[PDB]
Structure formats: C-alpha cells, structure tokens
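A.B. asks: Sharing a structure below in structure tokens format, with a few things to ask.
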Amino acid sequence: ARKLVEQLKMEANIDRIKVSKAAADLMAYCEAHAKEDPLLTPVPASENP
Amino acid sequence: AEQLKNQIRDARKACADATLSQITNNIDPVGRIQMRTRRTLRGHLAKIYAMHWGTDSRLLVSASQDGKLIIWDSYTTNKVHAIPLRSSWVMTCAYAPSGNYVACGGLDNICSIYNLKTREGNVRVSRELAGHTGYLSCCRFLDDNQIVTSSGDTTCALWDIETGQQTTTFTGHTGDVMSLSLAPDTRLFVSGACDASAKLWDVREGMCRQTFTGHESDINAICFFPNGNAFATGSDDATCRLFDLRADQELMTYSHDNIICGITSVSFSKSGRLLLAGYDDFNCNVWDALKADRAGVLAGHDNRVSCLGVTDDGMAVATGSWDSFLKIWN
Amino acid sequence: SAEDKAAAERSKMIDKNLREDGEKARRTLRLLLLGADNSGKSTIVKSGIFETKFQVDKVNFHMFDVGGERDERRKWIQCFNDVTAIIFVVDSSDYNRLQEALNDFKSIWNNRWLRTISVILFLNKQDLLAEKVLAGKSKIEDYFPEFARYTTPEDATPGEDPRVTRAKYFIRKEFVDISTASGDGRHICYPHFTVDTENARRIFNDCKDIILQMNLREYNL
Amino acid sequence: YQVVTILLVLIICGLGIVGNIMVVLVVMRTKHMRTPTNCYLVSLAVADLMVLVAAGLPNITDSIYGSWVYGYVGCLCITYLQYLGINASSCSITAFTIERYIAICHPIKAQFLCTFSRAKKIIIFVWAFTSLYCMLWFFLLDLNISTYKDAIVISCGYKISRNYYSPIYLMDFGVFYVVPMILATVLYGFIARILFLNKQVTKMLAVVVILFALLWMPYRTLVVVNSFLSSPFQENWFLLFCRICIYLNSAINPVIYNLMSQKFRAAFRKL
Amino acid sequence: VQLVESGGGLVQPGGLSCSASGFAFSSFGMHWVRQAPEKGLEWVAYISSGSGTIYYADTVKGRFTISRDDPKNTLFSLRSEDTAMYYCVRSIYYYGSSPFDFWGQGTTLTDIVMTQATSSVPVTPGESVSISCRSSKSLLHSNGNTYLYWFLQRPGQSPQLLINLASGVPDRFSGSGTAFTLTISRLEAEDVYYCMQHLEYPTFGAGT
C-alpha cells in the first residue's frame with residue numbers, strides 16, 4: 001500500500017470538463033453526423049440490404 | 001494517506017454539476033425503432049460470446065464455444081472463413097482495422113492472432129501471445145503490430161505482435177478486467193473490471209491515466225463512444241453506466257424496473273445516439289444514448305445475448321447470443 | 001452475378017464441414033471439477049484449463065479443472081452452465097478448513113448460473129478421518145460445536161466403528177443441510193465417501209440421475 | 001335423445017378447441033420452448049384440432065338438420081379431415097411415447113439422439129405417412145341419398161356399402177388403436193418400473209394408459225363390427241356415444257400432456 | 001503459392017491436368033484458360049469449391065474435361081480454337097477477395113463482347129501507358145462494384161493480374177459503367193496486356 005498511496009495523487013492532475021459542457025459536446029457528435037447514421041433516421045431502401 | 005482519496009474524489013464530484021438526460025429530454029428522441037432481422041446468420045452450434053465487425057462494414061467474425069471463429073458476410077450471409085480454434089473456452093474476438101488480421105482469446109490465458117489475407121489459401125495462426133496467467137477476456141487491434149489484451153489475472157497489457165512479447169502492462173485492478181475498448185483517438189483505451197471500477201489506461205504513456213468507479217457490482221461490457229471522448233459501461237447488476245474521460249463521473253446510467261440481470265455487451269451507432277446493450281433477459285435492448293429510454297427492443301433471441309456491434313457507418317447491427325444464432329438487424 | 005454465386009458455395013460448403021464437426025461437441029458429457037486445497041482432486045479418477053477425459057459405459061466425460069488466481073470463481077463460472085455436474089471434492093481433514101470448504105459448497109449452491117446444474121459432493125480420503133479420530137486428539141467438538149449434541153441415526157457403514165461414523169455422517173449431514181435448505185427441487189446434492197477405485201462409475205450412475213431428473217421435467221412427466 | 005345432445009358436442013369439442021389453442025400459443029410464443037417435446041405436442045394439438053372443429057361441427061349441423069348441409073362441397077373434403085384428424089391425433093401418441101420411453105429408461109442416450117432436428121423429422125414423416133394413407137378415403141367415399149317418413153337422409157354417405165369397405169378400419173384398428181395403446185402399456189410400465197424403484201407422478205401416468213385405451217375402445221370396435229354386421233348399428237342412442245367418447249378424448253390431451261407438467265405450467269404462467 | 005500445370009503433347013484436334021504443388025486447392029477455384037499461338041486469351045472451363053459447379057467452353061461442351069482431386073490438391077475432342085496453350089487460374093471469391101490472381105506455368109500443346117482499344121501498340125516508356133476498355137453492357141450491379149478483370153502477361157512466360165490492384169504484381173500498374181480507363185505510368189522492363197470480364201460463363205473480347 002506504500003507504492004499505491006503515492007500513486008493516487010501522482011496522476012490525479014486531470015483538468016476537468018463540466019458535464020453540462022459535455023452534454024452540449026456529446027450532442028455535437030449527434031447534431032453533426034445525424035443523417036449519415038442509417039439507424040437514427042428512417043434510411044431509404046435503394047442501396048440498403 | 002488512507003483518507004487522502006476522499007478529498008480529491010469529493011472535489012471531482014463538484015466538477016460534475018449536472019446529469020445528461022435533462023437537457024436531451026426535450027429533444028426529439030428515437031421514438032420506437034423495430035430493427036427487424038434483415039438476415040439471420042445461422043450456423044454456430046454452441047453459445048456465442050463475441051463478434052467483431054469488419055472495416056468494410058460487410059465482414060464480421062464471431063466467436064463461439066464449439067471452437068469456431070466464423071468470418072461472415074453481412075450482405076449474403078456467407079461463411080467466408082471458419083477458423084478452427086485450439087482452446088474452445090473463447091470469451092473474446094477482434095478484427096484488425098486493416099482487415100488482414102483477426103484474434104481470438106479466452107480462458108486459456110493466451111491471445112492467438114490469425115492472418116486473413118495469405119498465400120497458400122488459409123487463415124493461419126500468426127502470433128500466439130502467451131504471457132498472461134488469468135482468463136483472457138478482451139482483445140482488440142490498434143494496428144497490425146499492436147494488440148491490447150485484457151485478462152483474468154487483473155492485468156491489462158499491450159503487445160508488439162511481430163516481436164512476440166509485451167511492451168507494457170497496465171496494473172491497478174483489484175478484480176478481473178472483463179472488457180476493453182480502444183479509441184478512435186489512437187492514444188487511449190479503457191477497461192472495466194470486476195471491482196466495479198474502470199481504469200482509463202494510456203497506450204503511449206504506460207500508466208493507467210484515470211479511474212471510473214460507480215457500479216454496485218462487477219463489470220462485463222466496455223465500449224467507446226465513437227467520438228473517443230466518452231464511453232459506456234455494462235455491468236452485471238442491470239445498470240448500464242456511461243462516463244466521460246475528462247470528467248470521470250457518471251454521465252448517465254440506463255436502468256429499468258424489469259431488468260434485474262446482467263448486461264453482457266455494449267455498442268454504439270455511428271451517430272452516438274443508439275446505445276445497444278445485450279442483457280440476460282434473453283433479449284437485447286436499444287437505449288437512446290442521450291435521453292436513456294427504452295426506445296427499441298431487439299427481441300429475437302431465446303437465450304442470453306452476449307455480443308453486439310454496429311458497423312463503421314451505422315448501417316447494420318449484428319447480435320450473437322447463447323441461442324447459437326447471430327441475427328443482423330438493419 | 002457468378003462471382004457471388006461462387007461466394008455461396010462457401011456457406012453451403014462450410015456447413016458441410018462445420019456441422020459435422022459441431023456434432024462431436026455434444027456427444028461427450030461436460031463436468032466441472034472444483035476442489036479447494038489439499039483435496040486430492042487431481043487424484044480422484046486418473047495451460048490454465050487443465051482438462052481430462054474418461055469414458056465409462058462408452059460415455060465420454062470431460063471435466064475442466066480451472067486453475068485461477070483465487071477461489072472467487074465469479075466470472076469464469078458462467079462458461080460452465082451447459083454442464084451436467086460440478087464434481088466437488090473435499091478431504092477428511094482439519095475442521096478449520098472444512099468450515100470454509102463447506103462455505104465453498106454454499107457459494108456454488110446459491111449461485112446464479114448454477115441454479116440448474118446439480119453438484120456432486122465427492123468426499124475423498126475416507127480412511128484418514130478414522131486415523132484422525134482413532135488417535136483421539138482431534139478436537140472435533142471444538143471447531144464444530146453442535147457435533148456432541150447429536151448422534152448417528154440408523155443405516156451405518158459396515159472397521160464399523162460408531163465414534164467415527166457419528167463423525168463421518170456428521171460432515172455429510174452438515175453439507176446436505178446447506179444443500180437442501182434452498183435447493184428448490186431443480187438440483188440436489190449427491191454425497192459420497194472414498195482414495196479408492198470406485199470413483200469413476202459413481203459419477204456415471206449419478207449424472208444419469210441428473211439427466212433423468214430433467215427428462216422428468218422436459219418430457220412432461 | 002336429440003334435444004340436449006346438440007349442446008353436448010358443443011361443450012366438449014369447444015373446450016378442446018380452446019384447449020389445443022392454449023397448447024400452440026405456449027409452444028410457439030415463449031422463447032425457451034425449443035424442445036423436442038414441444039414438437040410432438042403440437043403434432044398432437046392441431047391433429048386433435050382437426051377433430052375438435054372438423055368433426056365437432058359436422059355433428060353440430062347434423063343435429064339442426066338431419067341431412068348433410070355441405071353436400072359434395074364438404075363430404076369429400078371434410079371427411080378427409082376426419083380420417084386424418086383421427087389418425088394423426090392417434091399416431092402422435094405413438095410418436096410421443098417412444099420419445100418419453102427413451103428419455104427415461106435410456107436418459108444419457110436421449111441427451112444425444114433426441115433433438116429439435118429429429119422431432120421435426122418424425123412429425124413430418126408421420127403426417128405424410130398418413131396423408132398418403134388417408135387418400136384412400138376419396139376412392140371409397142361418395143354421397144348417399146335415401147328417404148323415410150320422418151327422414152330424408154342426404155348425409156356424408158358411402159360407396160360399395162360396408163361389405164367391401166372393411167379394411168379401411170380393420171387395419172386402422174391395428175395401427176391407430178392396437179399400436180398406441182399396447183405401446184403405452186409396455187412403455188409406461190417401464191417408467192413405473194424405474195420411478196417407483198428410485199414416483200408420485202405414476203398416478204397421472206397410469207391414467208392415460210387407461211384413459212386413452214378406454215375412449216378409442218368402442219368406436220374402433222363399432223366401425224369394425226359395422227363392416228362385420230349387415231344392416232349395422234346406426235342409431236343416435238349408441239353411435240353418438242361412440243363419438244362423444246372421441247371428442248372428449250381429443251379435449252383432455254391438452255390436459256394430460258401440457259397441464260400435468262411443471263415445465264408447461266410455468267411456461268403458461270409467464271403469459 | 002507456386003502453381004504448376006502439365007504440358008501436354010501434340011495431337012490432332014479431335015483425336016489435361018494441372019498438378020499444382022504446396023498450397024490449399026481445396027479452398028480455391030480451378031480454371032483453364034487457352035492462349036493461341038497467333039491470337040490471345042479465351043476462357044475454357046471451371047470447377048468451384050465443392051465437387052461440381054462445372055462450366056464448359058461453348059466449343060468444348062462435351063470435349064476434354066476438368067476435375068479437382070481436392071485431397072491431393074491436384075487436378076485431372078479439340079478444335080483449331082482449342083489448339084491453344086492452356087494456362088490455369090487460381091481464384092476464390094468472398095466479400096473482399098482479390099480473385100483470379102495466381103497463374104500456372106502453362107504453355108500447352110497445339111460471349112458478352114468487350115472492346116480492344118488499339119490492340120497494336122509498341123513499348124513506349126517514361127509517359128502514361130493509359131489503355132481504355134469498354135463492354136457491351138453495364139458491368140455495374142446494384143451492389144456498386146464494377147466487375148472488370150484486367151490482366152497482364154510476359155514475353156515467353158505466364159500471365160498475371162493488374163486490375164483493382166492484385167497481389168504478387170508490382171505497384172506501377174493501375175472508370176465507369178460500360179467504359180473504363182486505367183492510368184499506368186513510368187513503364188519499366190520485363191513487360192502483352194489484357195482486359196476481361198467474368199459476369200457469366202461467357203472471353204476477353206480480344207487477343208492482345
């Protein structure tokens with residue numbers, strides 16, 4: 001537990017992003033690339049197998 | 001420093017000042033999709049533990065407990081290759097993004113790697129990777145010479161395939177690590193474990209970068225969000241949590257009353273708005289990854305569903321299960 | 001197209017050479033050997049899934065001694081619920097071990113995936129608990145406090161000594177009591193007493209009654 | 001003799017019709033029902049349905065109208081659905097017994113033989129062995145018309161008139177009554193020899209060797225002595241009893257093989 | 001995967017084997033392709049994986065036969081068109097395969113039509129050696145994959161493959177429906193080009 005106690009703070013310097021900013025940032029992957037996902041939308045049946 | 005962890009973790013909880021499913025609750029949801037069985041890939045005999053897709057979105061491998069790794073065609077339902085294994089207690093399988101290599105691996109503490117495109121007309125065993133002492137549970141592929149295996153001796157690793165031995169080992173796990181996911185952002189991966197944590201590791205550096213606790217029980221399903229900035233965790237207590245690599249707190253946890261049993265697999269569509277989770281209630285479930293509702297149930301199986309994967313563009317979804325039938329939706 | 005029509009005598013030709021292979025993975029019976037420490041489970045019948053095979057009355061068995069990191073057995077046990085029987089071996093030895101090695105039988109019985117497969121209790125080294133009690137120094141009442149309060153019922157074993165058979169049948173009744181407490185009739189325990197060569201046949205005619213108690217439920221009897 | 005018996009077919013052939021539909025809506029509706037024993041019991045559910053509605057209704061309209069309502073439109077087609085509904089609800093019993101015998105008295109060897117790909121092979125083998133047998137009921141069956149004072153008998157009648165129409169029943173007596181009831185006696189005594197030796201369900205298993213050899217007893221004898229006796233028995237007193245004992249026989253077969261089990265009761269309790 | 005055929009002897013046309021070595025022919029197709037002493041390539045026969053999907057040439061339908069002794073990975077009534085040098089093809093098809101590639105060392109004894117596009121060009125290095133091609137129908141199916149098979153050869157040797165871009169061949173070799181062009185640049189030594197299709201059992205339209 002000696003080497004572990006020096007390891008809980010040796011990598012605990014993470015700059016944190018707010019989740020409300022992330023709840024707008026995760027939607028930035030959804031409001032973009034929206035229609036290019038065939039399952040979120042009713043994709044057509046021309047070339048779809 | 002027995003009490004030093006209670007100050008940073010309480011401070012990092014203050015950085016997460018909200019949830020996910022209250023801002024995306026007012027947006028247009030999925031509704032109710034019935035992704036019916038376009039094809040139905042029959043031919044496995046024992047139960048199915050893992051499938052992995054292709055890079056061309058038309059090939060897929062699947063791993064079963066009869067000692068068969070079958071390479072499928074998603075378009076014509078065609079057994080491209082069927083690779084006979086040596087250690088039939090297989091819990092994971094993978095597919096190289098070059099489309100040249102697949103790799104099995106299970107309870108025999110070994111990751112065997114197979115070469116697809118060869119001369120002399122076979123799929124040969126390329127590099128069998130011993131060096132683990134517990135049951136191997138999730139192998140992946142970052143390059144044709146980089147494989148990231150997770151095992152049952154509480155150790156995640158990283159290997160130089162052409163050499164034959166590891167380059168890194170990722171320790172810091174009480175319980176067994178069960179499931180691993182590489183990222184689109186090529187320098188990171190993440191792995192959850194039986195001790196309800198999920199240590200975000202680091203491909204290039206060597207040490208496990210972040211930590212992600214929060215389940216009541218053990219964890220058996222990990223997948224990256226396709227942006228590489230979040231990931232979702234599937235546990236063995238009917239809680240399907242999501243997180244964020246630079247927030248370390250619970251993004252959302254998809255839960256319902258009728259689910260009481262384990263969540264064996266997790267995948268993601270190309271939009272990052274279809275969270276697909278494979279439960280022990282003998283059926284899948286489509287969760288909308290943002291608003292966290294039951295917006296689709298892929299009930300086609302008779303036994304528990306163990307694997308899931310959406311294509312590299314979002315077109316199809318295959319699910320294997322213990323019924324020995326792998327059923328591609330559309 | 002004739003390319004894709006030749007890419008379809010793969011899937012109709014793989015199955016000719018695969019379903020003939022998958023009809024060998026169901027003709028042998030699966031067992032799961034599970035013994036803790038100094039139990040002799042490598043010596044009952046005679047890289048990390050050390051597995052042996054034995055056939056009696058032309059029925060091939062296949063048990064899987066799984067050498068893991070510890071006796072947690074939580075997540076590699078899900079792979080073995082297509083199995084007829086968990087062969088559980090435990091020795092006739094010190095009673096501080098047999099209060100944890102019988103709290104081993106209680107985490108195999110009250111499991112989740114094992115709620116249908118019925119455990120076999122295969123008590124080994126029967127001729128070494130007499131030698132622990134014929135010396136008399138074994139404080140069997142010390143570790144197990146309720147042993148002296150009761151005694152043997154009828155149908156004892158014919159070296160027919162009552163002081164050992166009172167103890168021999170005590171540990172067996174200690175484990176049947178943790179078996180038949182919450183068993184729900186689906187799965188029942190099958191205790192035994194043996195290092196003898198009456199070991200293989202006593203799993204053959206006992207897994208039959210594990211099967212025959214499914215065909216009393218599968219075939220609507 | 002005719003006032004209350006019009007609602008006596010309609011109580012025992014109507015409850016068997018809802019009984020057999022509760023069998024197939026339990027087999028085909030639940031997930032884990034992919035068993036061989038759910039295959040012979042659908043090969044008995046719809047085969048009993050082909051006399052719970054295709055033999056209960058031609059005796060229902062026989063009460064309100066003494067002549068055949070259907071004429072040649074039905075008495076060549078619906079009489080084919082009374083020699084196949086009989087001979088396949090009495091030959092799945094031969095199929096399900098040899099399943100239940102190998103499953104118990106050789107239970108290891110029936111973990112390997114009896115699979116879903118073998119149960120679908122024997123029920124399709126046994127409909128086709130009997131549909132191609134019951135096509136003989138086209139060549140020896142035509143209409144009949146006769147009259148009397150309080151009778152104008154245009155019924156689903158006959159042919160060469162019971163002196164040459166004999167071996168459609170004497171072979172049917174030795175195949176669909178002698179075979180499924182002496183193999184339910186020899187191969188349920190062997191389950192009694194094993195369960196009582198190692199057992200409280202042997203009461204329900206001793207019922208159906210009696211209960212299925214008692215109800216196909218008088219009718220298979222009647223159509224054997226009507227081929228034997230000139231000017232045979234045709235009265236509504238006795239011959240209606242030889243049909244009531246048939247329609248309740250195919251009404252309790254959903255009760256025996258699917259309600260007297262722990263498996264299908266919990267399968268019913270799911271929905 | 002070194003393939004080899006059998007030579008054969010000069011017999012009058014009306015009065016063969018490819019015993020290849022050291023690979024898995026039990027998962028490969030097994031063709032024959034004739035090549036004239038004056039003209040060029042033409043398709044002959046076929047046998048798929050599995051004993052029997054056999055096609056035949058229209059002038060040889062009933063002539064000398066084809067086989068596959070799939071255990072040993074081996075293989076076991078001519079005319080003037082069948083007085084050509086036969087050379088075998090290794091091929092197998094799956095959703096991502098690069099078929100037709102490896103050819104035997106066959107210089108043996110003595111139709112949806114497609115264009116030729118100036119069948120007599122000498123060797124001009126340094127610049128683009130761009131050859132066009134066209135077929136009498138739309139090669140593109142509803143899937144989206146144009147099934148054109150553009151081959152190569154060598155003076156006094158066996159053929160090979162260039163077009164997508166097969167394997168075992170160099171890099172410098174390199175379209176639309178009914179008409180397609182290639183962009184090959186920087187020609188080097190050791191260079192008899194071909195362009196074929198295989199949408200049915202007929203066959204390259206020319207003999208270059």
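Convention: chains lettered A, B, ... in structure tokens order; per-chain residue numbering from 1; ligands numbered from 1 as shown.
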Residues of chain E were defined as contacting chain C if any atom lay at most 8 Å from it, counting only C-alpha atoms; please report them as a ChimeraX atom specification.

C.D. replies: /E:48-50,92-95,198-201

A.B. asks: Pull N, CA, C and O atoms from the residues just selected and write them as a short mmCIF file (atom, residue, chain, number, x, y, z; two decimals), in the first residue's frame.

C.D. replies:
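Generated file (selection22.cif):
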```
data_model
loop_
_atom_site.label_atom_id
_atom_site.label_comp_id
_atom_site.auth_asym_id
_atom_site.auth_seq_id
_atom_site.Cartn_x
_atom_site.Cartn_y
_atom_site.Cartn_z
N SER E 48 -15.74 -25.22 -59.13
CA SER E 48 -15.74 -24.39 -57.94
C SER E 48 -15.29 -25.21 -56.73
O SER E 48 -14.87 -26.36 -56.85
N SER E 49 -15.39 -24.61 -55.54
CA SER E 49 -15.15 -25.33 -54.30
C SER E 49 -16.37 -26.17 -53.96
O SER E 49 -17.49 -25.65 -53.87
N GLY E 50 -16.16 -27.46 -53.77
CA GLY E 50 -17.25 -28.42 -53.81
C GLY E 50 -17.21 -29.17 -55.12
O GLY E 50 -16.90 -28.60 -56.17
N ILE E 92 -10.54 -17.53 -55.78
CA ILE E 92 -11.68 -17.82 -54.92
C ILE E 92 -12.29 -16.49 -54.50
O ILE E 92 -11.62 -15.46 -54.44
N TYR E 93 -13.59 -16.52 -54.21
CA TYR E 93 -14.42 -15.33 -54.08
C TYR E 93 -15.00 -15.27 -52.68
O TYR E 93 -15.55 -16.25 -52.18
N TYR E 94 -14.85 -14.11 -52.05
CA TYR E 94 -15.57 -13.74 -50.84
C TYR E 94 -15.53 -12.22 -50.74
O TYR E 94 -14.78 -11.56 -51.45
N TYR E 95 -16.36 -11.68 -49.85
CA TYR E 95 -16.70 -10.25 -49.88
C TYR E 95 -15.52 -9.40 -49.44
O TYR E 95 -15.48 -8.85 -48.34
N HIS E 198 -16.02 -11.31 -66.13
CA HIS E 198 -16.50 -12.64 -65.77
C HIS E 198 -17.90 -12.63 -65.17
O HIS E 198 -18.13 -13.32 -64.17
N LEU E 199 -18.84 -11.88 -65.75
CA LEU E 199 -20.18 -11.82 -65.17
C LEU E 199 -21.01 -13.05 -65.49
O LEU E 199 -22.06 -13.25 -64.87
N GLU E 200 -20.57 -13.87 -66.43
CA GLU E 200 -21.25 -15.12 -66.75
C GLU E 200 -20.24 -16.06 -67.36
O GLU E 200 -19.13 -15.65 -67.71
N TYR E 201 -20.62 -17.32 -67.48
CA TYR E 201 -19.80 -18.22 -68.27
C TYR E 201 -20.03 -17.83 -69.73
O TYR E 201 -21.03 -18.24 -70.32
#
```

A.B. asks: How close does each residue of chain C get to chain D, giving the shortest atom pair and distance in Å to one decimal for every residue with an atom at most 8 Å away, counting only C-alpha atoms, sorted by chain and residue number, as CSV?

C.D. replies:
```
residue,atom,partner,partner_atom,distance
C:26,CA,D:112,CA,6.9
C:27,CA,D:112,CA,6.1
C:208,CA,D:108,CA,6.3
C:211,CA,D:107,CA,6.2
C:212,CA,D:107,CA,5.6
C:215,CA,D:103,CA,5.8
C:216,CA,D:104,CA,7.4
C:217,CA,D:263,CA,6.1
C:218,CA,D:263,CA,6.7
C:219,CA,D:37,CA,5.8
C:220,CA,D:261,CA,4.8
C:221,CA,D:261,CA,6.1
```

A.B. asks: Write out as number ranges by chain all residues of range 30-103 of chain C that DSSP puts in helix (DSSP H, G or I) for this structure's backbone.

C.D. replies: C: 41-43, 78-80

A.B. asks: As a ChimeraX atom specification, please: the residues near range 92-107 of chain B (cut-off 8 Å, only C-alpha atoms, same-chain neighbours under 4 positions excluded).

C.D. replies: /B:49-56,60-63,69,87-88,111-117,134-144 /C:48-49,76

A.B. asks: Any idea which chain B residues end up within 6 Å of chain E if we count only C-alpha atoms, as a PyMOL selection string please?

C.D. replies: chain B and resi 80+119-121

A.B. asks: Just how far from CA of residue 206 in chain B is CA of residue 4 in chain B, in Å to one decimal?

C.D. replies: 24.1 Å
